[PDB]
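Right, one structure below, let's go through it.
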Amino acid sequence: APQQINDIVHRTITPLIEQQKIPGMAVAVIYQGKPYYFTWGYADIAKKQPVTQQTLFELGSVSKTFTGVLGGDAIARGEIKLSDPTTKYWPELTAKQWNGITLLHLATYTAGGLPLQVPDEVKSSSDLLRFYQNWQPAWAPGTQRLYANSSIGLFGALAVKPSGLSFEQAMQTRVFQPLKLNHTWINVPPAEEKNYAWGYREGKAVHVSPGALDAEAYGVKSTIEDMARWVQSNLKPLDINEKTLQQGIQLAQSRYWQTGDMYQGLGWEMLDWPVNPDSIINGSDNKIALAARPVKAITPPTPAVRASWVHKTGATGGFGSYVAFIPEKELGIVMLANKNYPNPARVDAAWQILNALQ
Ligand SMILES: *[B]([O])([O])[C]([C]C1=[C]C(C([O])=O)=[C][C]=[C]1)[N]S(=O)(=O)[C]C1=[C][C]=[C][C]=[C]1
Numbered sequence: 004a005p006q007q008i009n010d011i012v013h014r015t016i017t018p019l020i021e022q023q024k025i026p027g028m029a030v031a032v033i034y035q036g037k038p039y040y041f042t043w044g045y046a047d048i049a050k051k052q053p054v055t056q057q058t059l060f061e062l063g064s065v066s067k068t069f070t071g072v073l074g075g076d077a078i079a080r081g082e083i084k085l086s087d088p089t090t091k092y093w094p095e096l097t098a099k100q101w102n103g104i105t106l107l108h109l110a111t112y113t114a115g116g117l118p119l120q121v122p123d124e125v126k127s128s129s130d131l132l133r134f135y136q137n138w139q140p141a142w143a144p145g146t147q148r149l150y151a152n153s154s155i156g157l158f159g160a161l162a163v164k165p166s167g168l169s170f171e172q173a174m175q176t177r178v179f180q181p182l183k184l185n186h187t188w189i190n191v192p193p194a195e196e197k198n199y200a201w202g203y204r205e206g207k208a209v210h211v212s213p214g215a216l217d218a219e220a221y222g223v224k225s226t227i228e229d230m231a232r233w234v235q236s237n238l239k240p241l242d243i244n245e246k247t248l249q250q251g252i253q254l255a256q257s258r259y260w261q262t263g264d265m266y267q268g269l270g271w272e273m274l275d276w277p278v279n280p281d282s283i284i285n286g287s288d289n290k291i292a293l294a295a296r297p298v299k300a301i302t303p304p305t306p307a308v309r310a311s312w313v314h315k316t317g318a319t320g321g322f323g324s325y326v327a328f329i330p331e332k333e334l335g336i337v338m339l340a341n342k343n344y345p346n347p348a349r350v351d352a353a354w355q356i357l358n359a360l361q
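Numbers given in the deposited numbering equal positions in the sequence shown, counted from 1, plus 3.
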């Protein structure tokens, strides 16, 4: 890499790793459209396996960006509309609280207080139906945002129904394969297990457990190379040859709702660039990111704004990830770590790196 990229990355990430006691980390910077890679530490502490450019990390909620894009692609295919009632795709959802809840509300966490977590006891198709039928909204649709796996996770499951494909097969054939994300997985195959980092929680090696709507809300594992390619694809959707996918990427960066200085896309969240770093740094803290906040509808939604800080944090019990990019500057960053460390530390580091290069 150019020495400037080398220096800001190393000067930022070395201290981060030390302060946060991160066992292993991979970083990619995309600069004028080219990726530069950096790795530190261990994918598996016990077996002494280093982090490499091929190491798989659990993306946790950064998976929602793939879900939002796959949804976008289904809209572009004319398979679904965000204006469609949820019941169009799940007629068994007959409980009256569902009247007026659209796919848009599910995708953007505005259905009226769907919970952050699907309960552990929910597994089967019938368990899930029961859960949603019994759920009582605290608020009318399209009035408040509450970040929720049970919301965007349901969106992802319903979005692929017309296609006839399983969520995983839809994701592979419509997103992963076309973008050449050949080491990105919802289920890690046996052949790739040698590259699957362990996550670390309280010093213990852990992998994400199966759960309802896991694939849709937090299912994806990927390498730093594939995630850099994911960033490039979202930076320049027009370079993508598959028409509906190019369009789907654009739809996922549209601005649907505003709370404070942030706008809600499909999976992605966006702020105007230049961003106030305290606005995104403090904003990333779960204290704000996970809170109930009233939203203003953007009517109609603003198409992807190039002058944006577009980002998503993600975590599982053992991993912490962050992706941010600025389309107008052809600039972006991916940070993958096998410890779930605080969001504001992630955003602070990313801002320090991108600000310096911008
Ligand atoms: B995501 O990374 O924004 C999301 C947030 C979340 C946290 C928790 C929690 O604290 O238990 C529960 C649900 C959602 N994370 S996640 O979609 O990858 C789900 C998950 C969290 C922790 C461990 C495994 C899975």
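Even for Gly, the Cβ is constructed at its ideal location relative to N, Cα and C.
| Asked | Found |
| --- | --- |
| Reduced DSSP category for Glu228 - H, G, I as helix; E, B as strand; rest coil | helix |
| Cβ-based neighbour list, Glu228, same chain, cut-off 8 Å, excluding 5 preceding and 5 following | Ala31, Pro38, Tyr40, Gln56, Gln57 and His186 |
| Residue 421: CB within 8 Å of a non-hydrogen atom of ligand 1 | Residue 421 cannot be examined here, being either before or after the span of the chain that is shown, 4 to 361. |
| Separation of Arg133 from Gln253, as counted between CA atoms | 34 Å |
| Close Cβ partners of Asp351 (< 8 Å) along its chain, the five nearest in sequence each way excluded | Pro280 and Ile284 |
| CA nearest to the CA of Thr68, picked from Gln172, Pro345 and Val234 | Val234 |
| Boundaries of the beta strand (DSSP E) in which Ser324 is found, first to last residue | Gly323 to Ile329 |
| Status (buried if at least 16 other CB within 10 Å, exposed otherwise) for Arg14 | exposed |
| Sequence-distant residues of its chain with Cβ nearer than 8 Å to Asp288 (five each side left out) | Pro345, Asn346 and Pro347 |
| Heavy atom of ligand 1 within 8 Å of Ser169 beta-carbon | no |
| Bounding residues of the alpha helix (DSSP H) (the contiguous stretch that carries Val72) | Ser66 to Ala79 |
| Where the beta strand (DSSP E) containing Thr302 begins and where it ends | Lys299 to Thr305 |
| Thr319: CB within 8 Å of a non-hydrogen atom of ligand 2 | Of the ligands this structure carries, namely ligand 1, none is ligand 2. |
| For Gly156, the three-state DSSP class (helix, strand or coil) | helix |
| Stretch-stretch touch, CB-based, cutoff 8 Å, three pairs: the stretch 243-261 with the stretch 88-103 | no |
| Counted within 10 angstroms of its Cβ, other Cβ atoms place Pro144 as buried (16 or more) or exposed | buried |
| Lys67: CB within 8 Å of a non-hydrogen atom of ligand 1 | yes |
| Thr70 burial status per 10 Å Cβ neighbour count (16 or more: buried) | buried |
| Contact check, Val65 vs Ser324, beta carbons under 9 Å | yes |
| Uninterrupted alpha helix (DSSP H) stretches inside the stretch 164-252 (no shorter than 4 residues) | 170-174, 217-221 and 227-238 |
| Under 9 Å between C-beta atoms of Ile20 and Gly44 | yes |
| For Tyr150, the three-state DSSP class (helix, strand or coil) | coil |
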